[PDB]
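> Just one file: entry.tsv, with TSV, N, CA and C atoms and all ligand atoms.
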```
chain	number	residue	atom	x	y	z
G	1	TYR	N	101.77	33.69	-20.48
G	1	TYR	CA	101.30	33.75	-19.11
G	1	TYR	C	102.46	33.73	-18.13
G	2	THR	N	102.27	34.41	-17.01
G	2	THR	CA	103.21	34.31	-15.91
G	2	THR	C	103.08	32.94	-15.25
G	3	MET	N	104.21	32.39	-14.83
G	3	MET	CA	104.22	31.07	-14.22
G	3	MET	C	103.36	31.04	-12.96
G	4	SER	N	102.57	29.99	-12.82
G	4	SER	CA	101.76	29.76	-11.63
G	4	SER	C	102.34	28.57	-10.88
G	5	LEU	N	102.68	28.79	-9.61
G	5	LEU	CA	103.36	27.75	-8.84
G	5	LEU	C	102.46	26.53	-8.62
G	6	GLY	N	101.20	26.75	-8.30
G	6	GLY	CA	100.30	25.64	-8.08
G	6	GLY	C	98.99	26.12	-7.50
G	7	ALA	N	98.15	25.15	-7.16
G	7	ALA	CA	96.85	25.45	-6.58
G	7	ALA	C	97.02	25.94	-5.15
G	8	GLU	N	96.54	27.15	-4.87
G	8	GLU	CA	96.63	27.70	-3.53
G	8	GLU	C	95.61	27.02	-2.63
G	9	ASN	N	96.10	26.23	-1.67
G	9	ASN	CA	95.25	25.46	-0.78
G	9	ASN	C	95.50	25.89	0.65
G	10	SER	N	94.42	26.02	1.42
G	10	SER	CA	94.50	26.42	2.81
G	10	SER	C	94.01	25.28	3.68
G	11	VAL	N	94.81	24.92	4.68
G	11	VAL	CA	94.49	23.83	5.59
G	11	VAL	C	93.83	24.41	6.83
G	12	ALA	N	92.72	23.79	7.23
G	12	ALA	CA	91.93	24.28	8.38
G	12	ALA	C	92.62	23.93	9.69
G	13	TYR	N	93.77	24.53	9.92
G	13	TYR	CA	94.47	24.31	11.17
G	13	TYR	C	93.68	24.89	12.33
G	14	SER	N	93.60	24.13	13.40
G	14	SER	CA	92.89	24.64	14.60
G	14	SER	C	93.67	24.20	15.82
G	15	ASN	N	93.12	24.41	17.00
G	15	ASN	CA	93.90	24.07	18.20
G	15	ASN	C	93.35	22.76	18.76
G	16	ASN	N	92.47	22.11	18.01
G	16	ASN	CA	91.86	20.85	18.48
G	16	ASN	C	91.39	20.06	17.27
G	17	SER	N	91.96	20.33	16.10
G	17	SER	CA	91.47	19.67	14.90
G	17	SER	C	92.58	18.81	14.31
G	18	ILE	N	92.26	17.55	14.05
G	18	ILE	CA	93.20	16.58	13.48
G	18	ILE	C	92.51	15.90	12.31
G	19	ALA	N	93.28	15.62	11.26
G	19	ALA	CA	92.78	14.89	10.11
G	19	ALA	C	93.50	13.55	10.02
G	20	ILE	N	92.73	12.48	9.90
G	20	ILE	CA	93.29	11.13	9.88
G	20	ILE	C	92.77	10.39	8.65
G	21	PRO	N	93.65	9.78	7.86
G	21	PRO	CA	93.17	9.06	6.68
G	21	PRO	C	92.43	7.79	7.06
G	22	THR	N	91.24	7.63	6.48
G	22	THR	CA	90.46	6.42	6.65
G	22	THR	C	90.79	5.36	5.62
G	23	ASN	N	91.60	5.69	4.62
G	23	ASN	CA	91.92	4.79	3.53
G	23	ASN	C	93.36	5.06	3.13
G	24	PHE	N	93.77	4.51	1.99
G	24	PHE	CA	95.11	4.76	1.48
G	24	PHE	C	95.12	4.48	-0.01
G	25	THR	N	96.32	4.45	-0.58
G	25	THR	CA	96.49	4.17	-2.00
G	25	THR	C	97.92	3.72	-2.21
G	26	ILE	N	98.11	2.53	-2.77
G	26	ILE	CA	99.44	2.01	-3.03
G	26	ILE	C	99.92	2.61	-4.35
G	27	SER	N	100.81	3.59	-4.26
G	27	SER	CA	101.30	4.30	-5.42
G	27	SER	C	102.66	3.74	-5.83
G	28	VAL	N	102.78	3.37	-7.10
G	28	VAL	CA	104.02	2.85	-7.66
G	28	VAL	C	104.58	3.91	-8.60
G	29	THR	N	105.74	4.46	-8.25
G	29	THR	CA	106.37	5.51	-9.03
G	29	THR	C	107.69	5.02	-9.60
G	30	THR	N	107.96	5.38	-10.84
G	30	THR	CA	109.18	4.99	-11.53
G	30	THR	C	110.24	6.06	-11.35
G	31	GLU	N	111.50	5.63	-11.25
G	31	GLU	CA	112.63	6.54	-11.10
G	31	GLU	C	113.76	6.06	-11.98
G	32	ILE	N	114.23	6.93	-12.88
G	32	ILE	CA	115.25	6.58	-13.85
G	32	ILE	C	116.56	7.25	-13.44
G	33	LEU	N	117.63	6.48	-13.45
G	33	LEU	CA	118.95	7.01	-13.12
G	33	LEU	C	120.00	6.42	-14.05
G	34	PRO	N	120.72	7.24	-14.81
G	34	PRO	CA	121.83	6.70	-15.60
G	34	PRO	C	122.93	6.20	-14.69
G	35	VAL	N	123.62	5.16	-15.14
G	35	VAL	CA	124.66	4.50	-14.36
G	35	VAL	C	126.01	4.55	-15.07
G	36	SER	N	126.03	4.21	-16.36
G	36	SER	CA	127.27	4.16	-17.11
G	36	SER	C	127.09	4.85	-18.45
G	37	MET	N	128.17	5.43	-18.95
G	37	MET	CA	128.18	6.05	-20.27
G	37	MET	C	128.89	5.14	-21.26
G	38	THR	N	128.84	5.53	-22.53
G	38	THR	CA	129.50	4.76	-23.57
G	38	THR	C	131.01	4.76	-23.34
G	39	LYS	N	131.61	3.59	-23.43
G	39	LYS	CA	133.04	3.44	-23.19
G	39	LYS	C	133.78	3.66	-24.50
G	40	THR	N	134.64	4.67	-24.54
G	40	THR	CA	135.37	5.02	-25.75
G	40	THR	C	136.86	5.09	-25.46
G	41	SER	N	137.64	4.94	-26.53
G	41	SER	CA	139.08	5.09	-26.46
G	41	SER	C	139.58	5.53	-27.83
G	42	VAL	N	140.55	6.42	-27.83
G	42	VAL	CA	141.03	7.02	-29.07
G	42	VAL	C	142.51	6.72	-29.26
G	43	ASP	N	143.06	7.18	-30.37
G	43	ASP	CA	144.49	7.03	-30.66
G	43	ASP	C	144.90	8.21	-31.51
G	44	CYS	N	145.77	9.07	-30.97
G	44	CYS	CA	146.10	10.30	-31.68
G	44	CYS	C	146.68	10.00	-33.05
G	45	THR	N	147.71	9.16	-33.09
G	45	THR	CA	148.54	9.04	-34.28
G	45	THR	C	147.72	8.63	-35.49
G	46	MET	N	146.57	8.00	-35.28
G	46	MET	CA	145.68	7.73	-36.39
G	46	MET	C	144.56	8.75	-36.50
G	47	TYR	N	144.11	9.31	-35.37
G	47	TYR	CA	143.15	10.41	-35.44
G	47	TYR	C	143.84	11.69	-35.87
G	48	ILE	N	144.87	12.09	-35.13
G	48	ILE	CA	145.57	13.34	-35.44
G	48	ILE	C	146.26	13.25	-36.80
G	49	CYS	N	146.97	12.15	-37.05
G	49	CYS	CA	147.69	11.96	-38.30
G	49	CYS	C	146.99	10.92	-39.17
G	50	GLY	N	146.78	11.25	-40.44
G	50	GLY	CA	146.22	10.29	-41.38
G	50	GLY	C	147.27	9.31	-41.86
V	1	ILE	N	94.55	33.37	12.02
V	1	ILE	CA	95.01	33.37	13.43
V	1	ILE	C	96.28	32.52	13.52
V	2	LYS	N	97.23	32.94	14.33
V	2	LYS	CA	98.51	32.21	14.40
V	2	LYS	C	98.86	31.91	15.86
V	3	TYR	N	98.00	31.20	16.58
V	3	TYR	CA	98.37	30.79	17.96
V	3	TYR	C	98.88	29.36	17.91
V	4	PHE	N	100.14	29.20	17.52
V	4	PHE	CA	100.71	27.84	17.42
V	4	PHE	C	101.14	27.42	18.83
V	5	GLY	N	100.18	27.24	19.73
V	5	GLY	CA	100.51	26.72	21.04
V	5	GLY	C	101.63	27.47	21.72
V	6	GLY	N	101.73	28.78	21.50
V	6	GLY	CA	102.77	29.57	22.10
V	6	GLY	C	104.04	29.71	21.29
V	7	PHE	N	104.15	29.01	20.17
V	7	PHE	CA	105.36	29.10	19.35
V	7	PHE	C	105.25	30.30	18.42
V	8	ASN	N	106.18	31.24	18.55
V	8	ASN	CA	106.17	32.45	17.75
V	8	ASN	C	106.95	32.23	16.47
V	9	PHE	N	106.32	32.50	15.33
V	9	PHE	CA	106.91	32.22	14.03
V	9	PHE	C	107.03	33.46	13.16
V	10	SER	N	106.80	34.66	13.71
V	10	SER	CA	106.81	35.86	12.88
V	10	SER	C	108.17	36.08	12.25
V	11	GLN	N	109.24	35.60	12.88
V	11	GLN	CA	110.58	35.79	12.35
V	11	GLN	C	110.74	35.09	11.00
V	12	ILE	N	110.21	33.88	10.87
V	12	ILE	CA	110.41	33.11	9.65
V	12	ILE	C	109.19	33.10	8.73
V	13	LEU	N	108.00	33.34	9.26
V	13	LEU	CA	106.83	33.39	8.40
V	13	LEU	C	106.89	34.65	7.53
V	14	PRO	N	106.32	34.60	6.33
V	14	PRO	CA	106.32	35.79	5.48
V	14	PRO	C	105.60	36.95	6.15
V	15	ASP	N	106.15	38.14	5.98
V	15	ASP	CA	105.58	39.34	6.58
V	15	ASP	C	104.93	40.18	5.49
V	16	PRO	N	103.60	40.32	5.49
V	16	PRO	CA	102.94	41.08	4.42
V	16	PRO	C	103.12	42.58	4.53
V	17	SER	N	103.61	43.08	5.66
V	17	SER	CA	103.75	44.52	5.83
V	17	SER	C	104.71	45.11	4.81
V	18	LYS	N	105.86	44.47	4.62
V	18	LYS	CA	106.83	44.96	3.66
V	18	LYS	C	106.31	44.75	2.24
V	19	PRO	N	106.72	45.60	1.29
V	19	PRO	CA	106.26	45.42	-0.10
V	19	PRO	C	106.65	44.07	-0.68
V	20	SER	N	107.83	43.57	-0.35
V	20	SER	CA	108.24	42.24	-0.76
V	20	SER	C	107.72	41.23	0.25
V	21	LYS	N	107.11	40.16	-0.25
V	21	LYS	CA	106.47	39.17	0.60
V	21	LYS	C	107.52	38.18	1.10
V	22	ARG	N	108.40	38.68	1.97
V	22	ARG	CA	109.50	37.90	2.50
V	22	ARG	C	109.55	38.04	4.01
V	23	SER	N	110.05	36.99	4.66
V	23	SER	CA	110.16	36.98	6.10
V	23	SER	C	111.26	37.93	6.56
V	24	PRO	N	111.25	38.33	7.83
V	24	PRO	CA	112.37	39.12	8.35
V	24	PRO	C	113.71	38.44	8.17
V	25	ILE	N	113.77	37.12	8.37
V	25	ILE	CA	115.03	36.40	8.17
V	25	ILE	C	115.43	36.45	6.70
V	26	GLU	N	114.47	36.22	5.80
V	26	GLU	CA	114.78	36.27	4.38
V	26	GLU	C	115.24	37.66	3.96
V	27	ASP	N	114.61	38.70	4.50
V	27	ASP	CA	115.02	40.06	4.17
V	27	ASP	C	116.41	40.37	4.70
V	28	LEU	N	116.72	39.89	5.91
V	28	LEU	CA	118.07	40.06	6.43
V	28	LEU	C	119.09	39.36	5.53
V	29	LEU	N	118.77	38.15	5.08
V	29	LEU	CA	119.68	37.45	4.17
V	29	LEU	C	119.85	38.20	2.87
V	30	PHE	N	118.75	38.72	2.31
V	30	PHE	CA	118.84	39.45	1.06
V	30	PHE	C	119.70	40.70	1.20
V	31	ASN	N	119.51	41.45	2.28
V	31	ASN	CA	120.29	42.66	2.47
V	31	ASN	C	121.74	42.35	2.81
V	32	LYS	N	122.00	41.18	3.39
V	32	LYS	CA	123.37	40.81	3.73
V	32	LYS	C	124.16	40.30	2.54
V	33	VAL	N	123.52	40.05	1.40
V	33	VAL	CA	124.18	39.56	0.21
V	33	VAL	C	124.16	40.67	-0.84
V	34	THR	N	125.34	41.06	-1.31
V	34	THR	CA	125.49	42.12	-2.29
V	34	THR	C	125.82	41.50	-3.64
V	35	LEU	N	124.98	41.77	-4.64
V	35	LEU	CA	125.16	41.21	-5.97
V	35	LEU	C	125.99	42.15	-6.84
Z	1	LIG	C1	89.57	2.71	-0.27
Z	1	LIG	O1	89.67	3.04	-1.64
Z	1	LIG	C2	89.39	1.94	-2.52
Z	1	LIG	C3	89.67	2.43	-3.92
Z	1	LIG	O2	90.86	3.20	-3.97
Z	1	LIG	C4	87.95	1.48	-2.32
Z	1	LIG	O3	87.70	0.34	-3.13
Z	1	LIG	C5	86.65	0.64	-4.06
Z	1	LIG	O4	85.35	0.45	-3.49
Z	1	LIG	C6	84.27	0.75	-4.39
Z	1	LIG	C7	83.00	0.56	-3.61
Z	1	LIG	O5	82.62	1.75	-2.93
Z	1	LIG	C8	84.35	-0.14	-5.63
Z	1	LIG	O6	83.34	0.25	-6.55
Z	1	LIG	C9	85.72	-0.02	-6.28
Z	1	LIG	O7	85.84	-0.95	-7.35
Z	1	LIG	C10	86.82	-0.28	-5.26
Z	1	LIG	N1	88.13	-0.13	-5.87
Z	1	LIG	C11	89.07	-1.08	-5.84
Z	1	LIG	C12	90.36	-0.75	-6.51
Z	1	LIG	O8	88.87	-2.17	-5.30
Z	1	LIG	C13	87.72	1.13	-0.85
Z	1	LIG	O9	86.34	0.84	-0.64
Z	1	LIG	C14	88.15	2.28	0.05
Z	1	LIG	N2	88.03	1.90	1.45
Z	1	LIG	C15	86.88	1.95	2.12
Z	1	LIG	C16	86.94	1.52	3.56
Z	1	LIG	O10	85.83	2.32	1.60
Z	2	LIG	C1	106.97	37.33	17.94
Z	2	LIG	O1	108.26	37.93	17.97
Z	2	LIG	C2	108.31	39.25	17.42
Z	2	LIG	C3	109.76	39.67	17.43
Z	2	LIG	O2	110.61	38.60	17.05
Z	2	LIG	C4	107.41	40.17	18.23
Z	2	LIG	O3	107.42	41.48	17.66
Z	2	LIG	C5	107.90	42.40	18.66
Z	2	LIG	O4	106.88	42.70	19.63
Z	2	LIG	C6	107.32	43.59	20.66
Z	2	LIG	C7	106.17	43.72	21.64
Z	2	LIG	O5	106.28	42.78	22.70
Z	2	LIG	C8	107.75	44.92	20.06
Z	2	LIG	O6	108.25	45.77	21.09
Z	2	LIG	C9	108.82	44.70	19.00
Z	2	LIG	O7	109.12	45.93	18.34
Z	2	LIG	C10	108.34	43.68	17.97
Z	2	LIG	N1	109.38	43.42	16.99
Z	2	LIG	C11	109.13	43.22	15.69
Z	2	LIG	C12	110.32	42.96	14.82
Z	2	LIG	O8	107.98	43.24	15.24
Z	2	LIG	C13	105.99	39.62	18.24
Z	2	LIG	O9	105.17	40.41	19.09
Z	2	LIG	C14	105.98	38.18	18.74
Z	2	LIG	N2	104.64	37.62	18.66
Z	2	LIG	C15	104.20	36.67	19.49
Z	2	LIG	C16	102.79	36.21	19.27
Z	2	LIG	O10	104.90	36.20	20.37
Z	3	LIG	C1	91.47	28.10	19.47
Z	3	LIG	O1	92.09	29.16	18.75
Z	3	LIG	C2	92.51	30.27	19.56
Z	3	LIG	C3	93.62	30.95	18.80
Z	3	LIG	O2	93.98	32.17	19.43
Z	3	LIG	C4	92.96	29.77	20.93
Z	3	LIG	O3	93.56	30.83	21.65
Z	3	LIG	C5	91.74	29.26	21.69
Z	3	LIG	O4	92.13	28.37	22.73
Z	3	LIG	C6	90.77	28.53	20.76
Z	3	LIG	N1	89.60	29.34	20.48
Z	3	LIG	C7	88.85	29.89	21.43
Z	3	LIG	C8	88.47	31.33	21.23
Z	3	LIG	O5	88.48	29.26	22.42
```
Kindly present the structure from the file in structure tokens form.

Amino acid sequence: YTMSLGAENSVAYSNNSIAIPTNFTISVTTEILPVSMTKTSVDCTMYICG
Amino acid sequence: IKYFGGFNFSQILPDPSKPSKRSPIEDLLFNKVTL
């Protein structure tokens, strides 16, 4: 299938029409961010030379 | 209908007249960039 961006929605914009929420919803969203990588250190004379 | 209180947006809104569904500004940008 060809990719579909999303549901095509049309908002009833007018010159005197306003929409106001009568309620709400407390949404808790998780966000993951890496901070540090594995700390490594090498030594040629033992890696490069046996 | 597009009567945004007198604000004209045809420059940036998509223009269906052209075969590509792109705004005049977007089309100017596309033609100004040579790949
Ligand atoms: C706002 O939405 C909440 C739910 O998101 C409504 O609370 C629900 O109310 C119904 C009764 O109509 C209960 O059966 C549900 O158990 C309620 N849910 C929760 C999580 O408590 C709330 O009524 C809405 N606000 C208004 C003013 O109706
Ligand atoms: C919005 O602006 C565009 C141009 O940026 C207007 O289109 C021009 O309209 C005049 C008539 O007044 C023509 O002479 C030009 O040839 C048109 N140019 C283009 C590129 O179409 C458009 O009429 C304006 N619309 C509103 C509602 O203000
Ligand atoms: C709301 O919409 C039109 C958009 O052209 C606006 O001009 C007018 O004030 C309103 N509608 C009418 C016909 O009264």
> Dump as JSON lines the rows for residues of chain V within 8 Å of chain G: closest atom pair and distance in Å with one decimal, all atoms listed in the file counted, ordered by chain and rising residue number.

```
{"residue": "V:3", "atom": "C", "partner": "G:15", "partner_atom": "CA", "distance": 7.3}
{"residue": "V:4", "atom": "CA", "partner": "G:15", "partner_atom": "CA", "distance": 7.8}
{"residue": "V:5", "atom": "N", "partner": "G:15", "partner_atom": "CA", "distance": 7.2}
```
> How would the residues just picked look written out with N, CA and C atoms as a JSON list (two decimals), keeping the file's coordinate frame?

```json
[["chain", "number", "residue", "atom", "x", "y", "z"],
["V", 3, "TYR", "N", 98.00, 31.20, 16.58],
["V", 3, "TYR", "CA", 98.37, 30.79, 17.96],
["V", 3, "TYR", "C", 98.88, 29.36, 17.91],
["V", 4, "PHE", "N", 100.14, 29.20, 17.52],
["V", 4, "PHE", "CA", 100.71, 27.84, 17.42],
["V", 4, "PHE", "C", 101.14, 27.42, 18.83],
["V", 5, "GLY", "N", 100.18, 27.24, 19.73],
["V", 5, "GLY", "CA", 100.51, 26.72, 21.04],
["V", 5, "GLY", "C", 101.63, 27.47, 21.72]]
```
> Between CA of residue 16 in chain G and atom C of residue 7 in chain V, what distance in Å does the model show, to one decimal?
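A separation of 16.4 Å between them.
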> Mind checking DSSP for chain G and telling me the alpha helix (DSSP H) residues as a list in words?
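Restricting chain G to alpha helix (DSSP H) produces residues 44, 45, 46 and 47 of chain G.
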> Compile a residue-level contact table for chain V against ligand LIG 2 (chain Z) at a cut-off of 7 Å, reporting for every qualifying residue the shortest atom pair and its distance in Å to one decimal, with only N, CA and C atoms and all ligand atoms counted, rows ordered by chain and ascending number, as a tab-separated table.

```
residue	atom	partner	partner_atom	distance
V:2	C	Z:LIG2	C16	6.8
V:6	C	Z:LIG2	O10	6.6
V:7	C	Z:LIG2	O10	6.2
V:8	CA	Z:LIG2	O10	4.7
V:9	N	Z:LIG2	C1	5.5
V:10	N	Z:LIG2	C1	5.0
V:11	N	Z:LIG2	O2	5.3
```
> Around all the atoms of ligand LIG 1 (chain Z) listed in the file, with 3 Å of room on each side, what axis-aligned box do you get, giving centre and edge lengths in Å to one decimal, as JSON?

```
{"center_x": 86.7, "center_y": 0.5, "center_z": -1.9, "size_x": 14.2, "size_y": 11.4, "size_z": 16.9}
```
> Taking into account only C-alpha atoms and all ligand atoms, which residue in the set V:34, V:1, V:14, V:24 is nearest to ligand LIG 3 (chain Z)?
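So, comparing all the options, the nearest one is V:1.
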> Give one line per residue of chain G that approaches ligand LIG 1 (chain Z) to at most 7 Å, naming the two atoms of the closest pair and their distance in Å to one decimal, counting only C-alpha atoms and all ligand atoms; sort by chain then ascending residue number and deliver it as a tab-separated table.

```
residue	atom	partner	partner_atom	distance
G:22	CA	Z:LIG1	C16	6.8
G:23	CA	Z:LIG1	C1	4.9
G:24	CA	Z:LIG1	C1	6.2
G:25	CA	Z:LIG1	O2	6.0
```
> Give me, please, the distance in Å between atom C of residue 35 in chain V and CA of residue 20 in chain V, quoted to one decimal.
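The value is 18.8 Å.
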> Mind giving me the straight-line distance from CA of residue 17 in chain G to atom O1 of ligand LIG 3 (chain Z) in Å, one decimal?
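Distance reported for this atom pair: 10.3 Å.
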> As a compact mmCIF listing (two decimals), keeping the file's coordinate frame, could you write out range 10-24 of chain G once it has been completed with N, CA, C and O atoms?

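What follows is the written file out15.txt:
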```txt
# COMPACT_ATOMS: atom_id res chain seq x y z
N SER G 10 94.42 26.02 1.42
CA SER G 10 94.50 26.42 2.81
C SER G 10 94.01 25.28 3.68
O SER G 10 92.93 24.73 3.45
N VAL G 11 94.81 24.92 4.68
CA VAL G 11 94.49 23.83 5.59
C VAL G 11 93.83 24.41 6.83
O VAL G 11 94.32 25.39 7.40
N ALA G 12 92.72 23.79 7.23
CA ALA G 12 91.93 24.28 8.38
C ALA G 12 92.62 23.93 9.69
O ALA G 12 92.08 23.12 10.46
N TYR G 13 93.77 24.53 9.92
CA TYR G 13 94.47 24.31 11.17
C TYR G 13 93.68 24.89 12.33
O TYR G 13 93.12 25.99 12.23
N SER G 14 93.60 24.13 13.40
CA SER G 14 92.89 24.64 14.60
C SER G 14 93.67 24.20 15.82
O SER G 14 94.78 23.70 15.65
N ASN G 15 93.12 24.41 17.00
CA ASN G 15 93.90 24.07 18.20
C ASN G 15 93.35 22.76 18.76
O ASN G 15 93.74 22.37 19.86
N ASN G 16 92.47 22.11 18.01
CA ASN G 16 91.86 20.85 18.48
C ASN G 16 91.39 20.06 17.27
O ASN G 16 90.53 19.21 17.44
N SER G 17 91.96 20.33 16.10
CA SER G 17 91.47 19.67 14.90
C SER G 17 92.58 18.81 14.31
O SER G 17 93.70 19.29 14.10
N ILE G 18 92.26 17.55 14.05
CA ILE G 18 93.20 16.58 13.48
C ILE G 18 92.51 15.90 12.31
O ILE G 18 91.30 15.65 12.34
N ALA G 19 93.28 15.62 11.26
CA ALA G 19 92.78 14.89 10.11
C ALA G 19 93.50 13.55 10.02
O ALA G 19 94.73 13.50 10.08
N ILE G 20 92.73 12.48 9.90
CA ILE G 20 93.29 11.13 9.88
C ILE G 20 92.77 10.39 8.65
O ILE G 20 91.56 10.37 8.41
N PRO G 21 93.65 9.78 7.86
CA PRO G 21 93.17 9.06 6.68
C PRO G 21 92.43 7.79 7.06
O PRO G 21 92.90 6.99 7.86
N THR G 22 91.24 7.63 6.48
CA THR G 22 90.46 6.42 6.65
C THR G 22 90.79 5.36 5.62
O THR G 22 90.30 4.23 5.73
N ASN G 23 91.60 5.69 4.62
CA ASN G 23 91.92 4.79 3.53
C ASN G 23 93.36 5.06 3.13
O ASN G 23 94.10 5.75 3.83
N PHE G 24 93.77 4.51 1.99
CA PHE G 24 95.11 4.76 1.48
C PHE G 24 95.12 4.48 -0.01
O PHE G 24 94.08 4.28 -0.64
```
